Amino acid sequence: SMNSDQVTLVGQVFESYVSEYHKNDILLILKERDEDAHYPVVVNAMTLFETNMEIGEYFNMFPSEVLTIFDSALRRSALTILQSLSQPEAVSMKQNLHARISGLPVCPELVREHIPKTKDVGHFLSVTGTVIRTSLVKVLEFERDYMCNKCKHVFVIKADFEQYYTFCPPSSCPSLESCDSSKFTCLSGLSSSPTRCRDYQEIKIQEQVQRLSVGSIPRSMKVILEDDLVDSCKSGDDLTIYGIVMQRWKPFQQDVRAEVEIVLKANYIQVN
(Lines of atoms letter the chains of each structure in order from A and count residues from 1; the text may use other names and numbers.)
(Lines give C-alpha, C1' and ligand atoms only; values in the text may rest on other atoms or scores of the structure.)
Protein backbone atom coordinates (compact mmCIF):
# COMPACT_ATOMS: atom_id res chain seq x y z
CA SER A 1 0.00 0.00 0.00
CA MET A 2 0.93 3.67 0.46
CA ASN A 3 2.65 4.97 3.57
CA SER A 4 1.57 8.10 5.42
CA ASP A 5 4.12 10.13 3.46
CA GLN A 6 2.47 9.26 0.13
CA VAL A 7 -1.13 9.47 1.39
CA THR A 8 -0.45 12.99 2.69
CA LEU A 9 0.96 14.31 -0.58
CA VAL A 10 -1.84 12.72 -2.62
CA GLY A 11 -4.61 14.27 -0.52
CA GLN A 12 -2.89 17.65 -0.34
CA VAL A 13 -2.37 17.91 -4.11
CA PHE A 14 -6.00 16.95 -4.72
CA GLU A 15 -7.24 19.30 -2.00
CA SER A 16 -5.53 22.31 -3.59
CA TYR A 17 -6.70 21.34 -7.08
CA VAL A 18 -10.32 21.06 -5.94
CA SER A 19 -10.21 24.24 -3.84
CA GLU A 20 -8.96 26.13 -6.91
CA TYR A 21 -10.90 24.68 -9.87
CA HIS A 22 -14.10 23.30 -8.27
CA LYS A 23 -14.96 25.91 -5.64
CA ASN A 24 -18.37 26.53 -7.20
CA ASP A 25 -19.05 22.81 -7.69
CA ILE A 26 -18.73 22.25 -3.93
CA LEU A 27 -20.80 25.37 -3.19
CA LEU A 28 -23.69 23.95 -5.23
CA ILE A 29 -23.42 20.68 -3.31
CA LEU A 30 -23.48 22.58 -0.01
CA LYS A 31 -26.55 24.50 -1.22
CA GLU A 32 -28.54 21.30 -1.81
CA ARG A 33 -31.25 20.37 0.68
CA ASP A 34 -30.96 16.60 1.22
CA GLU A 35 -28.02 15.93 3.54
CA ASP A 36 -28.03 12.11 3.30
CA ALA A 37 -27.81 11.95 -0.51
CA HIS A 38 -24.64 11.17 -2.45
CA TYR A 39 -23.08 14.00 -4.45
CA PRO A 40 -20.37 13.72 -7.14
CA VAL A 41 -17.54 16.10 -7.95
CA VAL A 42 -16.30 15.49 -11.51
CA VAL A 43 -12.61 16.18 -12.14
CA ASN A 44 -10.49 16.14 -15.31
CA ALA A 45 -7.72 13.61 -14.63
CA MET A 46 -5.55 14.89 -17.49
CA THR A 47 -5.34 18.42 -16.06
CA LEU A 48 -4.96 17.06 -12.52
CA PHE A 49 -2.09 14.73 -13.44
CA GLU A 50 -0.29 17.65 -15.10
CA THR A 51 -0.03 19.61 -11.84
CA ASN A 52 1.89 16.82 -10.08
CA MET A 53 3.86 13.86 -11.38
CA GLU A 54 3.47 11.53 -8.38
CA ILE A 55 -0.33 11.84 -8.19
CA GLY A 56 -0.79 10.07 -11.53
CA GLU A 57 1.63 7.28 -10.61
CA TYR A 58 -0.10 6.42 -7.33
CA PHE A 59 -3.54 6.67 -8.96
CA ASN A 60 -2.64 4.22 -11.73
CA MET A 61 -0.98 2.01 -9.10
CA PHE A 62 -3.63 2.13 -6.33
CA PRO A 63 -6.83 3.47 -7.92
CA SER A 64 -9.23 2.20 -5.25
CA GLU A 65 -7.27 3.71 -2.36
CA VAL A 66 -6.45 6.97 -4.17
CA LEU A 67 -10.16 7.53 -4.83
CA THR A 68 -10.79 6.98 -1.11
CA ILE A 69 -8.15 9.62 -0.32
CA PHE A 70 -9.81 11.96 -2.83
CA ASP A 71 -13.15 11.66 -1.03
CA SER A 72 -11.48 12.63 2.26
CA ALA A 73 -10.02 15.73 0.59
CA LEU A 74 -13.46 16.67 -0.75
CA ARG A 75 -15.01 16.73 2.73
CA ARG A 76 -12.19 18.93 4.03
CA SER A 77 -12.54 21.30 1.06
CA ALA A 78 -16.31 21.38 1.58
CA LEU A 79 -15.93 22.24 5.27
CA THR A 80 -13.38 24.95 4.46
CA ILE A 81 -15.67 26.56 1.87
CA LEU A 82 -18.60 26.34 4.30
CA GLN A 83 -16.63 28.09 7.05
CA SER A 84 -15.69 30.91 4.65
CA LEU A 85 -19.31 31.99 4.12
CA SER A 86 -20.73 34.93 6.04
CA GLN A 87 -23.86 32.83 6.77
CA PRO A 88 -22.76 29.18 7.07
CA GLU A 89 -26.25 28.29 8.35
CA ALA A 90 -27.68 29.08 4.90
CA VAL A 91 -26.14 25.83 3.56
CA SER A 92 -25.64 22.33 4.98
CA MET A 93 -22.56 20.12 5.07
CA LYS A 94 -22.69 16.98 2.91
CA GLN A 95 -20.69 13.96 4.08
CA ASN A 96 -21.28 11.64 1.08
CA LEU A 97 -18.95 13.21 -1.49
CA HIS A 98 -17.42 11.12 -4.27
CA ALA A 99 -14.57 12.05 -6.58
CA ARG A 100 -15.59 10.90 -10.07
CA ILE A 101 -12.76 10.77 -12.61
CA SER A 102 -13.33 11.88 -16.19
CA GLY A 103 -11.10 12.77 -19.11
CA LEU A 104 -8.27 10.27 -18.83
CA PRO A 105 -5.16 10.92 -20.96
CA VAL A 106 -6.17 9.57 -24.36
CA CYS A 107 -4.03 6.48 -25.01
CA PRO A 108 -4.83 2.84 -25.89
CA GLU A 109 -3.87 1.59 -22.42
CA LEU A 110 -6.49 3.71 -20.63
CA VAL A 111 -9.27 4.31 -23.20
CA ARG A 112 -10.77 1.07 -24.48
CA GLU A 113 -13.22 0.00 -27.16
CA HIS A 114 -13.08 -3.68 -26.12
CA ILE A 115 -14.01 -5.49 -22.92
CA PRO A 116 -10.99 -5.51 -20.56
CA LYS A 117 -9.28 -8.86 -20.00
CA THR A 118 -7.66 -10.58 -17.01
CA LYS A 119 -4.45 -8.61 -17.60
CA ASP A 120 -6.46 -5.43 -16.90
CA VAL A 121 -7.86 -6.49 -13.51
CA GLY A 122 -7.14 -3.86 -10.87
CA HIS A 123 -6.54 -1.07 -13.40
CA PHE A 124 -8.57 2.12 -13.76
CA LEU A 125 -9.60 2.72 -17.37
CA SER A 126 -12.51 3.79 -19.55
CA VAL A 127 -14.74 1.50 -21.63
CA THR A 128 -17.08 2.76 -24.37
CA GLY A 129 -20.09 0.66 -25.26
CA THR A 130 -23.85 0.52 -25.66
CA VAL A 131 -26.27 -0.45 -22.89
CA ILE A 132 -28.13 -3.67 -23.68
CA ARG A 133 -29.75 -4.37 -20.29
CA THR A 134 -30.50 -2.55 -17.03
CA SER A 135 -31.67 -4.11 -13.77
CA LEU A 136 -33.87 -2.68 -11.05
CA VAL A 137 -32.16 -0.64 -8.35
CA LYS A 138 -31.59 -2.66 -5.18
CA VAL A 139 -30.94 -1.48 -1.63
CA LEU A 140 -27.98 -3.33 -0.10
CA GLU A 141 -26.15 -3.29 3.22
CA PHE A 142 -22.42 -2.63 2.79
CA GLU A 143 -21.38 -2.37 6.47
CA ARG A 144 -22.36 -4.15 9.68
CA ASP A 145 -21.71 -3.05 13.25
CA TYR A 146 -20.38 -5.32 16.00
CA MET A 147 -19.22 -4.89 19.58
CA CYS A 148 -16.56 -6.39 21.83
CA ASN A 149 -17.75 -8.52 24.74
CA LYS A 150 -14.91 -7.27 26.98
CA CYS A 151 -14.52 -3.59 26.04
CA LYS A 152 -17.96 -2.72 24.55
CA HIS A 153 -16.19 -1.18 21.55
CA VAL A 154 -18.49 -0.75 18.55
CA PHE A 155 -16.63 -1.47 15.29
CA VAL A 156 -17.65 -2.25 11.72
CA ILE A 157 -16.79 -4.80 9.05
CA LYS A 158 -16.93 -4.19 5.30
CA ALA A 159 -18.87 -6.28 2.80
CA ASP A 160 -16.58 -7.98 0.26
CA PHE A 161 -17.38 -6.63 -3.21
CA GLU A 162 -15.49 -9.50 -4.86
CA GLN A 163 -17.77 -12.05 -3.16
CA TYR A 164 -21.07 -10.30 -3.98
CA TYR A 165 -21.13 -8.20 -0.79
CA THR A 166 -20.98 -11.00 1.77
CA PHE A 167 -19.68 -10.58 5.32
CA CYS A 168 -17.16 -12.73 7.16
CA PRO A 169 -17.13 -12.72 10.98
CA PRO A 170 -13.84 -11.45 12.43
CA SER A 171 -12.01 -12.77 15.48
CA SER A 172 -9.89 -9.77 16.54
CA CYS A 173 -10.95 -6.66 18.42
CA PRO A 174 -9.89 -3.54 16.46
CA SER A 175 -10.10 -1.32 19.54
CA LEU A 176 -7.39 1.17 20.45
CA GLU A 177 -6.46 -1.10 23.38
CA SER A 178 -5.30 -4.59 22.42
CA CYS A 179 -8.18 -6.87 23.42
CA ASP A 180 -7.65 -10.63 23.29
CA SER A 181 -11.43 -11.00 23.00
CA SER A 182 -12.65 -13.16 20.12
CA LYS A 183 -16.31 -13.09 21.23
CA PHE A 184 -18.34 -10.43 19.41
CA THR A 185 -22.05 -9.79 18.89
CA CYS A 186 -23.83 -8.70 15.71
CA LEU A 187 -25.83 -5.46 15.98
CA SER A 188 -27.04 -5.15 12.38
CA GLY A 189 -30.52 -6.64 12.75
CA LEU A 190 -31.19 -5.54 16.33
CA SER A 191 -31.90 -1.94 15.30
CA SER A 192 -31.74 0.50 12.42
CA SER A 193 -29.62 3.16 14.13
CA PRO A 194 -27.96 4.19 10.83
CA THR A 195 -29.27 3.87 7.29
CA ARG A 196 -25.92 2.56 6.02
CA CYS A 197 -27.56 1.02 2.95
CA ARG A 198 -26.55 1.88 -0.61
CA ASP A 199 -28.29 1.95 -3.96
CA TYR A 200 -27.06 -0.80 -6.28
CA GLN A 201 -27.68 -1.50 -9.95
CA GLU A 202 -26.24 -3.79 -12.61
CA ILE A 203 -26.16 -2.93 -16.31
CA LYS A 204 -24.80 -4.79 -19.32
CA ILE A 205 -22.78 -2.99 -21.99
CA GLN A 206 -21.57 -4.50 -25.24
CA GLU A 207 -18.89 -3.59 -27.73
CA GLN A 208 -20.18 -1.51 -30.65
CA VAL A 209 -19.85 -3.39 -33.94
CA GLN A 210 -20.29 0.00 -35.65
CA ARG A 211 -16.71 0.70 -34.50
CA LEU A 212 -13.77 -0.07 -36.79
CA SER A 213 -11.81 -1.73 -33.97
CA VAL A 214 -14.68 -4.05 -33.02
CA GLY A 215 -14.80 -7.20 -35.13
CA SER A 216 -17.77 -9.34 -36.11
CA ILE A 217 -19.06 -10.59 -32.74
CA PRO A 218 -18.99 -8.04 -29.89
CA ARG A 219 -18.49 -9.04 -26.27
CA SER A 220 -20.51 -7.95 -23.25
CA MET A 221 -19.61 -6.87 -19.73
CA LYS A 222 -21.39 -6.32 -16.43
CA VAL A 223 -21.01 -2.85 -14.93
CA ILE A 224 -21.88 -2.20 -11.29
CA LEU A 225 -23.38 1.18 -10.43
CA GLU A 226 -23.55 2.42 -6.84
CA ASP A 227 -24.75 5.53 -4.98
CA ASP A 228 -25.57 8.48 -7.31
CA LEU A 229 -24.55 6.47 -10.40
CA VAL A 230 -27.72 4.34 -10.38
CA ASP A 231 -30.57 5.36 -12.72
CA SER A 232 -28.11 7.38 -14.84
CA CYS A 233 -28.64 5.46 -18.09
CA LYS A 234 -31.22 3.35 -19.91
CA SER A 235 -31.10 0.51 -22.40
CA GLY A 236 -29.86 1.84 -25.73
CA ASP A 237 -27.54 4.61 -24.53
CA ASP A 238 -23.97 5.00 -25.78
CA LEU A 239 -21.86 5.13 -22.61
CA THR A 240 -18.25 5.87 -21.75
CA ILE A 241 -17.67 4.26 -18.35
CA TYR A 242 -14.67 5.10 -16.15
CA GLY A 243 -13.92 2.64 -13.38
CA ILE A 244 -11.85 -0.22 -11.99
CA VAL A 245 -11.70 -3.68 -13.57
CA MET A 246 -12.45 -6.32 -10.94
CA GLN A 247 -13.25 -10.02 -10.52
CA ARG A 248 -16.29 -11.35 -8.68
CA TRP A 249 -16.38 -15.05 -7.84
CA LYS A 250 -18.18 -17.77 -5.89
CA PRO A 251 -16.27 -20.92 -4.84
CA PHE A 252 -17.27 -24.52 -5.41
CA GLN A 253 -19.68 -26.05 -2.90
CA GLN A 254 -21.14 -29.51 -2.30
CA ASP A 255 -23.67 -29.33 -5.14
CA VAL A 256 -22.87 -25.88 -6.58
CA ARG A 257 -20.39 -25.13 -9.35
CA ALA A 258 -18.03 -22.20 -9.08
CA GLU A 259 -18.37 -19.05 -11.16
CA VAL A 260 -15.87 -16.26 -11.83
CA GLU A 261 -16.67 -13.00 -13.56
CA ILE A 262 -14.89 -9.87 -14.77
CA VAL A 263 -16.94 -6.75 -14.09
CA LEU A 264 -16.31 -3.00 -14.17
CA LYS A 265 -16.87 -1.09 -10.92
CA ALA A 266 -18.04 2.22 -12.33
CA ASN A 267 -16.65 5.53 -11.09
CA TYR A 268 -18.17 7.85 -13.72
CA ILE A 269 -20.68 7.56 -16.57
CA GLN A 270 -20.66 9.80 -19.65
CA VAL A 271 -23.67 9.58 -21.97
CA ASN A 272 -22.81 10.00 -25.65
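For every residue, the number given is its place in the sequence shown, counted from 1.
For the pair 109-117 and 190-198, the mean B factor over Cα atoms is greater in 190-198.
Legend: mean Cα B-factor per stretch from the PDB entry, 207-215 versus 24-32; the higher mean is in 207-215. The residue among 131, 127, 99, 173 whose C-alpha atom has the highest B-factor in the PDB entry is 173.
The entry lists C-alpha B-factors for 137, 90, 140, 157, and the highest of these is at 157. Among the modelled residues of its chain, residue 261 has a C-alpha B-factor that falls in the lowest third, as given in the PDB entry. The PDB entry assigns residue 81 a C-alpha temperature factor belonging to the lowest third of its chain's modelled residues. In the deposited entry, the Cα temperature factor of residue 68 sits in the bottom third of values across the chain's modelled residues.
In this PDB entry, the Cα temperature factor of residue 240 sits in the bottom third of its chain's modelled residues, the lowest group. Per the PDB record, residue ranking by Cα B-factor puts residue 123 in the lowest third of the chain.
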